[PDB]
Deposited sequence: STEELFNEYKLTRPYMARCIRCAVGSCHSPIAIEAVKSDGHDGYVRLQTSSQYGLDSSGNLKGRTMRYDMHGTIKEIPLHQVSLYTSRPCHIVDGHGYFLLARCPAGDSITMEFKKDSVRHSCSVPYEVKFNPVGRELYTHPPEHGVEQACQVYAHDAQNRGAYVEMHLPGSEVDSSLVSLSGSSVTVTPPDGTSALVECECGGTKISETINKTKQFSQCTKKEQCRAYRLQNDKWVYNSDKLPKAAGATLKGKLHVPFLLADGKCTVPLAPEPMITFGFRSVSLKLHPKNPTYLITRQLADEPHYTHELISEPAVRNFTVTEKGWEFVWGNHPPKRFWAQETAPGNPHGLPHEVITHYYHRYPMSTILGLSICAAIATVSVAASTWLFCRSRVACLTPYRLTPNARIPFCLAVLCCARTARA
């Protein structure tokens, strides 16, 4: 597996600025660049300044120009509760973390504790329609997307450039009355001082004494790096010349996996006339998605977390609920109205009213109106004919009524 590790064998670690580094702010060797957390079951992929895996499980950090290392099992990090490092490759660590507001990666080399806290949100993303914080002991397996544990060449690349001129106060020094620049072993440097005129000079492994500039602060001593890379970071000065010099592919990309999702307790389903009731006892919070199987779906979507009772309406056109990670159960209504359709006319009205509510009211209203108009009109014509019978017989001064027209028209 050297074929994909030697690319990060040609870079370096570096130091960069952190905000919270266990007392105030400082330059920390474990400065966190980015925390991408889009895998599902809690897998995050940090990018730091120190490198990893360079030897089996170790981390390789800069320390004031010189490069050290510790075993990886003395590095710890935590978001809100502690995390567990899985592996690392180059600048990138892979961890497993709960959710939190920040990340503090820390170790302790001597009795001197190194830390770095950055305010980057870590989020835990569940799979499925049922929202958990720690994945269950058992369930069913759905398609999920987590960061792949291996380190293979894929589409993504990050770019590493030349390092800038790192300055060094320790490199400048004093003679009896002089200023001496002592580069480290086998190392070139460039020196810039501004005490007399203007001086830009370069040394190559030569401890040079300057006769003028009789203060330490008059001179700035930089350091030269030529065979190494650093990441294109905003926390490092850039070198002269616009050469980017190359790029490397990242480990731990996101891939397609399989994750065990929990399974809700089954509901208790009670039926009514054109109705289905649901008694729901979730363990953890659980979405309930229902819709009708007709032209207007009237869908409903609700995150249920406590015990609930959800009375729905089911017509003869269908109904469908999804509860948790369970499949959709479909229900269909059939014609059971309250009443007897075969007699006792106060029962057939209630049967055809619970069957068809609007049409029964409309039909009984128009039939009662037709019957009312017919009875009123027939009574009107009866009174008209009784007046027309008895009008000629009452205007006569004899005032008599014959035998047939008396009783048949109630004349008396």
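Q: Given the full deposited sequence, which segments carry no C-alpha coordinates?
A: No C-alpha for residues 1, 56-61, 420-423.
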